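Observations on the model geometry
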Amino acid sequence: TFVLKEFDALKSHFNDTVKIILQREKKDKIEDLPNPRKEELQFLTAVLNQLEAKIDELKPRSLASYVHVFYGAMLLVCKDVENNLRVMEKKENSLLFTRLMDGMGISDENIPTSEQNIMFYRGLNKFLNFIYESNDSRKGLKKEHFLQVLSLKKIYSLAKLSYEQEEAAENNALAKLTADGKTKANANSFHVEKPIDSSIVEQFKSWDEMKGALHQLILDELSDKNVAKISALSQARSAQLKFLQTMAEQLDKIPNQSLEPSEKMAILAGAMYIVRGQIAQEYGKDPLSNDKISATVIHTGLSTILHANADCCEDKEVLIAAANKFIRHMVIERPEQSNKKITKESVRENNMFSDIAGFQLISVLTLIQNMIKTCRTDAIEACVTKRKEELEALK
C-alpha cells in the first residue's frame, strides 16, 4: 500500500531536481530555461515557497496537508509534461517527469490509491484559492499572490488543468463503486459542515415557493405534453422530473432542526442545475450553457427558477456541491467511525432513486463533477480576464 513521502524529503529531492535540470540545460537560473520547463519549475517553486511560508506562519503539528498539496502540484506538472510531449516521445524518458515521479516515490509497482489522488488534487485546488482576495474568487485575484511569477495565461491553463484532474480522479473513483451496499440511508443524520450563505438562496424566496415553482413547472410540462402524469413523458424527462420530485419530498421529510430550509433550498437548486445540464446535453450544449433552448419547457423553466443567466459561477458551484453532498449521503454507504459493520465504500442497492426507471446514478454524479469543474474554470477565467483588462487600461 502506497506510503507518502515526508515533506522535507520532497523539498530536498525537488531542489536537487532543479539543480539537475539546470545543469542539463546549461542554465544558471530557472528563468533562463525555455518553456514549458521554465513555467513548470517556477510553478513548483512558488507552490513550495508558499507551503513553507504557511508552515512557518501557522506552525502546524502535522504536515500531511502540505504533503498532499505538493503531491498534487508535482502530479499536475507531470500531466503538463505529458501534454507537451513530442509525438513518439515517452513520458518515462523525460528527465523532469521521471525526477518528479521518483521524488514522489511512484513507480509501476508503487502507485497511490484513488483516494490518495483525490486528496492530492482536492488539496491542491483548495490551496490555489490563495491567489484570490480573501480566498474568494468573487473578489478577484490578489494584487500580490504567490503565483505572480507566472503569466495570467499560464495561471489559467494550470488551474484549469488541475480542476480537470480532480474531475478525472473523482470520476474514476465513481466508476469503480459497486451497487451492493445493504445499509439503510438516514436522511435525519445528514448535516452541513458550513451553513450556506443566506444571500445565495434569498433569490429563491423560500422553500415553499421553490416547491411551488417546481410544481407549476411540472403542471406546465404535463399540460404542454397533453399527459396526466410524469411517467407518460420520455424515459429521460420522466427520470429527471421524478428525480426532482424525490429530492424535494425527501427534503420535506427532514425536520428543520436537522436541516434548515435554506439548506433544502440549496440542495434542490443544485438538483435543478443537474436536470438543466442533462437537457442541455440533449441539445449538444454544455451543461452550464446560458443559451435559451426554446424547444424544451423544462430547461427554460428551470433556467427561470434558478435565475441561471444572471447568477455567478461561484453560486452555481455552491448549490451543485450542496446537492452533491446530500445525494452522496443518501446513496453512498461508507465505513463508520464508531462502527465496523461496513468494509468499503459502495452505492446502496436500495436508495431513494431505486424506483426511478432508467435513472443513471453514476452518470448524475459524474455530471456533477463536470459542472463543478466548469464553475471553477469559469471563476479563474473571469478573474484573469478582469486583471488583464485592468493591466491593459494602463498601456
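Preceding this paragraph is the structure being described.
This report concerns the structure included in the present document.

Moving on to helix α10 (residues 261-282). For α10, built from 22 residues, the straight-helix expectation of 32 Å at 1.5 Å per residue is met to within 8% by its first-to-last C-alpha distance of 32 Å. Most of α10 sits out of view: 18 of its 22 residues are buried. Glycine 284 lies just past α10 and shows a positive phi near 70°.

What follows deals with the side chain of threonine 17. When you line up the elements, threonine 17 lands in helix α1 (residues 7-25). What makes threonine 17 buried here is its relative accessible area of 0%. Look past the residues within four positions of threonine 17 in its chain and what remains in contact with it is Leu96 and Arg99.

Now for the layout of surface pockets. Roughly 530 Å³ of internal volume is contained in the second largest pocket. Lining the second largest pocket are 19 residues, with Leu75, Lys91, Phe97, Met101 and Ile106 sitting closest to its centre. No other element matches the four residues that helix α3 (residues 64-83) contributes to the lining of the second largest pocket. Of the residues that constitute the lining of the second largest pocket, the class distribution is ten nonpolar, four polar and five charged.

This structure, assessed with the given rule, holds 20 salt bridges. Across the salt bridge formed by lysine 11 and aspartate 8, the nearest N and O atoms sit 3.3 Å from each other. Placement of the pair is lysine 11 and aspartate 8 together in helix α1, with a separation of three residues, close to one helical turn. The partner of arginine 138 in a salt bridge is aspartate 315, and the shortest N-O contact between them spans 3.1 Å. Here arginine 138 is found in the loop between α5 (114-127) and α6 (152-175), whereas its partner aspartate 315 is found in helix α12 (residues 313-331), with 177 residues between them in sequence.

This brings us to empty space enclosed by the protein. In this structure, the largest cavity spans a volume of roughly 60 Å³. As for the largest cavity, its lining consists of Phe43, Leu128, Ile131, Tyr132, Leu147, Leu150, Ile155, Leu158, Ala159 and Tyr163. Of the residues forming the lining of the largest cavity, the biggest block, four residues, is contributed by α6. Broken down by class, the residue content of the lining of the largest cavity amounts to ten nonpolar, no polar and no charged. The space that makes up the second largest cavity amounts to roughly 30 Å³. Lining the second largest cavity we find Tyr163, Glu166, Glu167, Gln369, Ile372, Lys373 and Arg376. For the lining of the second largest cavity, the elements supplying multiple residues, two or more each, are α6 and α13 (361-392). No other element matches α13, which puts four residues into the lining of the second largest cavity. Each of domain 1 (7-176) and domain 2 (187-382) gives at least three residues to the lining of the second largest cavity.

Cut-off values and rules
Residues numbered from 1 in each chain as written, not as in the entry; some residues may be left out. Heavy atoms only, no water. Residues with missing side-chain atoms left out of burial classes, pairs and counts. Helix = DSSP H or I, 4+ residues; strand = E, 2+ residues; numbered from the N terminus. Expected span 1.5 Å × (residues − 1). Buried < 20%, exposed > 50% of the residue type's maximum accessible area, 1.4 Å probe, protein only. Contact = heavy atoms within 4.5 Å. 1 Å grid on protein atoms, 1.4 Å probe; cavity = no way out; pocket = protein on both sides within 12 Å on 5 of 7 lines; lining within 4 Å. Points joined across faces, edges and corners; volume = space filled by probe spheres on them. Nonpolar A, V, L, I, M, F, W, Y, C, P; charged D, E, K, R; others polar. Salt bridge = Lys/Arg side-chain N within 4 Å of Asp/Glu carboxyl O. Domains from an automatic or database assignment.

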